[PDB]
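Note: the block below is data.cif and it holds mmCIF, C-alpha atoms.
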```cif
data_coords
#
loop_
_atom_site.label_atom_id
_atom_site.label_comp_id
_atom_site.auth_asym_id
_atom_site.auth_seq_id
_atom_site.Cartn_x
_atom_site.Cartn_y
_atom_site.Cartn_z
CA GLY P 1 111.64 93.30 78.94
CA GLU P 2 109.34 95.77 80.64
CA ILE P 3 108.50 93.51 83.56
CA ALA P 4 112.18 92.66 84.30
CA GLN P 5 112.98 96.40 84.13
CA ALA P 6 110.14 97.21 86.53
CA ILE P 7 111.45 94.57 88.92
CA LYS P 8 114.91 96.14 88.64
CA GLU P 9 113.34 99.51 89.54
CA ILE P 10 112.12 97.90 92.73
CA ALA P 11 115.64 96.70 93.53
CA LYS P 12 117.06 100.24 93.01
CA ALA P 13 114.42 101.70 95.34
CA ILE P 14 115.29 99.13 98.00
CA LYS P 15 118.91 100.22 97.64
CA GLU P 16 117.76 103.79 98.39
CA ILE P 17 116.20 102.53 101.60
CA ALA P 18 119.49 100.83 102.59
CA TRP P 19 121.36 104.11 102.02
CA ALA P 20 118.86 106.04 104.16
CA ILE P 21 119.19 103.49 106.95
CA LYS P 22 122.97 103.97 106.69
CA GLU P 23 122.36 107.67 107.32
CA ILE P 24 120.50 106.87 110.51
CA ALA P 25 123.52 104.89 111.72
CA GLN P 26 125.70 107.96 111.02
CA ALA P 27 123.22 110.17 112.88
CA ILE P 28 123.20 107.92 115.95
CA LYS P 29 126.99 107.56 116.00
CA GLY P 30 127.40 111.34 115.74
CA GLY Q 1 101.75 97.06 80.04
CA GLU Q 2 99.49 97.46 83.03
CA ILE Q 3 101.37 94.90 85.16
CA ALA Q 4 104.79 96.47 84.53
CA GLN Q 5 103.32 99.89 85.27
CA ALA Q 6 101.80 98.70 88.56
CA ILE Q 7 105.17 97.20 89.51
CA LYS Q 8 106.74 100.61 88.81
CA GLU Q 9 104.16 102.18 91.14
CA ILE Q 10 105.45 99.91 93.90
CA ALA Q 11 109.04 101.05 93.17
CA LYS Q 12 107.97 104.71 93.42
CA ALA Q 13 106.30 104.02 96.73
CA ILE Q 14 109.41 102.28 98.02
CA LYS Q 15 111.41 105.39 97.08
CA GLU Q 16 109.00 107.43 99.18
CA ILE Q 17 109.89 105.27 102.15
CA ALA Q 18 113.60 105.99 101.53
CA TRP Q 19 112.92 109.77 101.54
CA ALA Q 20 110.97 109.46 104.79
CA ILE Q 21 113.81 107.53 106.47
CA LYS Q 22 116.20 110.29 105.34
CA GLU Q 23 113.98 112.75 107.20
CA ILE Q 24 114.39 110.69 110.36
CA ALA Q 25 118.17 110.76 109.89
CA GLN Q 26 118.12 114.54 109.57
CA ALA Q 27 115.81 114.92 112.58
CA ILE Q 28 118.29 112.92 114.64
CA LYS Q 29 121.23 114.99 113.36
CA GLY Q 30 119.29 118.07 114.48
CA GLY H 1 92.96 93.94 85.16
CA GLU H 2 92.37 92.58 88.64
CA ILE H 3 95.97 91.55 89.22
CA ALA H 4 97.39 94.95 88.12
CA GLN H 5 94.84 96.66 90.40
CA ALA H 6 95.84 94.43 93.32
CA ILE H 7 99.48 95.30 92.71
CA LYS H 8 98.51 99.00 92.69
CA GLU H 9 96.79 98.46 96.06
CA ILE H 10 100.12 97.27 97.38
CA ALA H 11 101.81 100.44 96.11
CA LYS H 12 99.19 102.64 97.86
CA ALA H 13 99.71 100.76 101.14
CA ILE H 14 103.47 101.26 100.86
CA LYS H 15 102.77 104.98 100.41
CA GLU H 16 100.85 104.87 103.71
CA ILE H 17 103.94 103.44 105.38
CA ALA H 18 106.07 106.29 103.95
CA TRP H 19 103.62 108.85 105.37
CA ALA H 20 103.71 107.20 108.81
CA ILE H 21 107.50 107.22 108.78
CA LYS H 22 107.30 110.93 107.92
CA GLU H 23 105.25 111.37 111.09
CA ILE H 24 107.98 109.78 113.14
CA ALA H 25 110.45 112.31 111.75
CA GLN H 26 108.07 115.09 112.84
CA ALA H 27 107.77 113.51 116.28
CA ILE H 28 111.53 113.29 116.75
CA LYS H 29 112.13 116.85 115.50
CA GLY H 30 109.44 118.17 117.87
CA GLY K 1 90.44 85.55 91.19
CA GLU K 2 92.19 83.85 94.07
CA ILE K 3 95.64 85.26 93.18
CA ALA K 4 94.41 88.87 92.93
CA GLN K 5 92.55 88.42 96.22
CA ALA K 6 95.65 87.06 97.97
CA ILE K 7 97.64 90.02 96.64
CA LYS K 8 94.97 92.32 98.14
CA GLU K 9 95.43 90.53 101.47
CA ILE K 10 99.09 91.53 101.36
CA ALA K 11 98.09 95.17 100.70
CA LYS K 12 95.74 95.11 103.71
CA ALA K 13 98.51 93.74 105.88
CA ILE K 14 100.89 96.43 104.67
CA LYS K 15 98.28 99.03 105.69
CA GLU K 16 98.27 97.50 109.15
CA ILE K 17 101.99 98.16 109.36
CA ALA K 18 101.36 101.83 108.46
CA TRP K 19 98.79 102.14 111.29
CA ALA K 20 101.24 100.59 113.75
CA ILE K 21 104.00 103.02 112.74
CA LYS K 22 101.52 105.89 113.28
CA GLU K 23 101.08 104.61 116.83
CA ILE K 24 104.81 104.87 117.37
CA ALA K 25 104.74 108.45 116.08
CA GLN K 26 101.97 109.33 118.53
CA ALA K 27 103.75 107.58 121.41
CA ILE K 28 106.82 109.70 120.70
CA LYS K 29 104.73 112.90 120.51
CA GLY K 30 103.35 111.96 123.93
CA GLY V 1 95.57 76.95 94.79
CA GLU V 2 99.01 76.47 96.29
CA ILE V 3 100.43 79.73 94.98
CA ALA V 4 97.46 81.82 96.25
CA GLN V 5 97.80 80.09 99.64
CA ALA V 6 101.53 80.84 99.75
CA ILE V 7 100.79 84.48 98.97
CA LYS V 8 98.23 84.48 101.80
CA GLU V 9 100.94 83.12 104.12
CA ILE V 10 102.99 86.17 103.26
CA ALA V 11 100.08 88.44 104.18
CA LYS V 12 99.68 86.70 107.58
CA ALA V 13 103.40 87.12 108.29
CA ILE V 14 103.18 90.82 107.45
CA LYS V 15 100.30 91.05 109.93
CA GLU V 16 102.66 89.59 112.57
CA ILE V 17 105.10 92.38 111.83
CA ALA V 18 102.32 94.98 112.31
CA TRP V 19 101.46 93.46 115.70
CA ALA V 20 105.11 93.54 116.80
CA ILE V 21 105.39 97.18 115.76
CA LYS V 22 102.26 97.83 117.84
CA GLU V 23 104.15 96.36 120.80
CA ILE V 24 106.95 98.83 120.31
CA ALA V 25 104.43 101.67 120.49
CA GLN V 26 103.18 100.24 123.80
CA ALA V 27 106.76 99.96 125.06
CA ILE V 28 107.56 103.57 124.19
CA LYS V 29 104.32 104.90 125.69
CA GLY V 30 104.96 102.95 128.91
CA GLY E 1 105.43 73.13 93.59
CA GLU E 2 108.84 74.73 93.83
CA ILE E 3 107.53 78.29 93.29
CA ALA E 4 104.83 78.00 95.99
CA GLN E 5 107.41 76.50 98.35
CA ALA E 6 109.87 79.34 97.72
CA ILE E 7 107.07 81.84 98.37
CA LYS E 8 106.43 80.05 101.69
CA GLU E 9 110.12 80.45 102.52
CA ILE E 10 109.68 84.20 102.16
CA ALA E 11 106.67 84.09 104.54
CA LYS E 12 108.75 82.19 107.12
CA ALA E 13 111.50 84.76 106.85
CA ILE E 14 109.01 87.58 107.29
CA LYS E 15 107.81 85.87 110.48
CA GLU E 16 111.39 85.89 111.71
CA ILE E 17 111.41 89.65 111.30
CA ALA E 18 108.24 89.87 113.44
CA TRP E 19 109.91 87.84 116.23
CA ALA E 20 112.97 90.09 116.11
CA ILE E 21 110.83 93.24 116.40
CA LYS E 22 109.11 91.66 119.42
CA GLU E 23 112.55 91.34 121.00
CA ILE E 24 113.10 95.06 120.53
CA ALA E 25 109.74 95.74 122.20
CA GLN E 26 110.73 93.61 125.19
CA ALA E 27 114.18 95.22 125.39
CA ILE E 28 112.50 98.62 125.57
CA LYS E 29 110.05 97.41 128.24
CA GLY E 30 113.09 96.27 130.22
CA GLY D 1 114.26 76.30 88.56
CA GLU D 2 115.98 79.66 88.29
CA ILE D 3 112.95 81.69 89.32
CA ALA D 4 112.25 79.53 92.43
CA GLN D 5 115.94 79.83 93.37
CA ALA D 6 115.83 83.61 92.96
CA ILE D 7 112.76 83.74 95.18
CA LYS D 8 114.64 81.63 97.75
CA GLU D 9 117.49 84.17 97.60
CA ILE D 10 114.99 86.80 98.61
CA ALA D 11 113.91 84.70 101.59
CA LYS D 12 117.56 84.30 102.74
CA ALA D 13 118.11 88.06 102.50
CA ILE D 14 115.00 88.69 104.58
CA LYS D 15 116.45 86.29 107.16
CA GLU D 16 119.56 88.50 107.25
CA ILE D 17 117.36 91.46 108.06
CA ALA D 18 115.74 89.52 110.94
CA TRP D 19 119.19 88.72 112.35
CA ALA D 20 120.26 92.38 112.15
CA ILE D 21 117.08 93.45 113.93
CA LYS D 22 117.93 90.87 116.61
CA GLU D 23 121.26 92.67 117.03
CA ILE D 24 119.48 95.93 117.67
CA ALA D 25 117.50 94.25 120.46
CA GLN D 26 120.81 93.10 121.99
CA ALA D 27 122.22 96.61 121.66
CA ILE D 28 119.23 98.20 123.39
CA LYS D 29 119.18 95.61 126.19
CA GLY D 30 122.92 96.12 126.78
CA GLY W 1 116.74 84.64 82.44
CA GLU W 2 116.13 88.34 82.79
CA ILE W 3 113.26 87.92 85.27
CA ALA W 4 115.22 85.60 87.59
CA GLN W 5 118.18 87.97 87.41
CA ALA W 6 116.02 90.98 88.31
CA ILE W 7 114.60 89.02 91.25
CA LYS W 8 118.20 88.35 92.36
CA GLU W 9 118.86 92.10 92.19
CA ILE W 10 116.04 92.59 94.69
CA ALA W 11 117.63 89.97 97.01
CA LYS W 12 120.98 91.79 96.83
CA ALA W 13 119.29 95.05 97.70
CA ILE W 14 117.52 93.43 100.63
CA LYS W 15 120.93 92.23 101.88
CA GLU W 16 122.12 95.83 101.73
CA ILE W 17 119.31 96.76 104.09
CA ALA W 18 120.49 94.04 106.52
CA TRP W 19 124.05 95.46 106.48
CA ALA W 20 122.71 98.96 107.16
CA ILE W 21 120.64 97.74 110.12
CA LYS W 22 123.79 96.06 111.49
CA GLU W 23 125.46 99.47 111.38
CA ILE W 24 122.67 100.88 113.52
CA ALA W 25 123.17 98.05 116.01
CA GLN W 26 126.89 98.82 116.23
CA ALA W 27 126.25 102.56 116.55
CA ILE W 28 123.97 101.83 119.51
CA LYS W 29 126.55 99.50 121.09
CA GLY W 30 129.03 102.37 120.78
#
```
Can you turn what I pasted into structure tokens?
Amino acid sequence: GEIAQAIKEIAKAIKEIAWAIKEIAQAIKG
Amino acid sequence: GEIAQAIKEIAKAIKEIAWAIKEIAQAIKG
Amino acid sequence: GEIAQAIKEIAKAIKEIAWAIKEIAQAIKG
Amino acid sequence: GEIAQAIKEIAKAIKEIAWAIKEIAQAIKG
Amino acid sequence: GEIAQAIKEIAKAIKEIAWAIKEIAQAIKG
Amino acid sequence: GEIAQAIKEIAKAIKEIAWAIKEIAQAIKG
Amino acid sequence: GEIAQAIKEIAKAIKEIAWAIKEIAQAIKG
Amino acid sequence: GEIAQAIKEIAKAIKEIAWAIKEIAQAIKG
């Protein structure tokens, strides 16, 4: 359904934020 | 539907936050 | 509809957060 | 409606977070 | 209604986050 | 209702994030 | 109900974020 | 149901953000 799919698009975007935060950890450590 | 589309607009905005955090990571690496 | 519009208002606010985070990247880089 | 209005209250609060992040950006620039 | 009130409780919590972020700006500036 | 109560649980968790950010502010001030 | 339980899973995840932010306060203070 | 499952996908993504923040904490401690 379109609303479940839209909700899933939110979850994928949140995963992008987690990845970006991971990059900041790499930046600090380096 | 309008609700599903508005939920997608939230997902797009959340992606924009991910891109901005990536910019912070790169600014730290530099 | 009023609920779709309210949801869209959330997406616009999230976009404001992304912009502010972009500013922090500029601040760090400078 | 009360639900749409409560959702708008969330959007206003999310804007307040954007303003606060802008203050961090300016504090770094200073 | 109970669901609108619960949603409003979310908005108030988000406002608490904005205030805390404001404190971080004060901390940095000081 | 169970849905309203679960939404309140999210609001309580969001408050916990505010408290944690306040701890960062105080750690910076110190 | 499954939707209330899913919402509760969101609240527990948000609590994990609060805990992680608490760790950052400890890291800064130390 | 598909909606409950999509909401769970959001919770999993939010956990991923917690793990990433923990990495920042450890990078600071190091």
List every protein, DNA or RNA residue that has an atom no more than 7 Å from (111.1, 87.0, 101.9) in the file's coordinate frame, counting all atoms listed in the file, and report them as an NGL selection string. (:E and (9-11 or 13-14)) or (:D and (10-11 or 14))
Write a file of the just-selected residues containing C-alpha atoms, as a CSV table (one decimal), keeping the file's coordinate frame.
```
chain,number,residue,atom,x,y,z
E,9,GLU,CA,110.1,80.4,102.5
E,10,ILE,CA,109.7,84.2,102.2
E,11,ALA,CA,106.7,84.1,104.5
E,13,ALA,CA,111.5,84.8,106.8
E,14,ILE,CA,109.0,87.6,107.3
D,10,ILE,CA,115.0,86.8,98.6
D,11,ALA,CA,113.9,84.7,101.6
D,14,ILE,CA,115.0,88.7,104.6
```
Evaluate the PyMOL selection byres ((chain K and resi 22) around 9) and record the selected residues as a PyMOL selection string, following the chain and residue labels used in the document. (chain H and resi 17+19-21+23-24) or (chain K and resi 17-21+23-27) or (chain V and resi 25)
Superposed chain P (on chain W, all in-order C-alpha pairs) as a CSV table (one decimal) with C-alpha atoms, in the coordinates of the input:
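Generated file (superposed-v6.csv):
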```csv
chain,number,residue,atom,x,y,z
P,1,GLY,CA,116.7,84.7,82.5
P,2,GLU,CA,116.1,88.4,82.8
P,3,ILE,CA,113.3,88.0,85.3
P,4,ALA,CA,115.2,85.6,87.6
P,5,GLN,CA,118.2,88.1,87.5
P,6,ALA,CA,115.9,91.0,88.3
P,7,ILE,CA,114.6,89.0,91.3
P,8,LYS,CA,118.1,88.3,92.4
P,9,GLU,CA,118.8,92.0,92.2
P,10,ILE,CA,116.0,92.5,94.7
P,11,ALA,CA,117.6,89.9,97.0
P,12,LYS,CA,121.0,91.7,96.9
P,13,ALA,CA,119.3,95.1,97.7
P,14,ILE,CA,117.6,93.5,100.7
P,15,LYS,CA,121.0,92.3,101.8
P,16,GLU,CA,122.2,95.9,101.7
P,17,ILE,CA,119.4,96.8,104.0
P,18,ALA,CA,120.4,94.0,106.5
P,19,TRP,CA,124.0,95.4,106.5
P,20,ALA,CA,122.8,98.9,107.2
P,21,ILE,CA,120.7,97.7,110.1
P,22,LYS,CA,123.8,95.9,111.4
P,23,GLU,CA,125.5,99.4,111.4
P,24,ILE,CA,122.7,100.8,113.5
P,25,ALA,CA,123.3,98.0,116.1
P,26,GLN,CA,127.0,99.0,116.1
P,27,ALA,CA,126.1,102.7,116.5
P,28,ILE,CA,123.8,101.9,119.5
P,29,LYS,CA,126.3,99.6,121.2
P,30,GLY,CA,129.0,102.3,120.8
```
Determine the residue membership of the PyMOL selection byres ((chain W and resi 6) around 6) for the file above and supply it as a PyMOL selection string. (chain P and resi 4+7-8) or (chain W and resi 3-5+7-9)
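CA of residue 1 in chain D sits 17.1 Å away from CA of residue 2 in chain V.
CA of residue 12 in chain E to CA of residue 29 in chain E spans 26.1 Å [interatomic distance, one decimal].
Computed from the coordinates, the CA of residue 30 in chain V to CA of residue 28 in chain P distance equals 22.9 Å.
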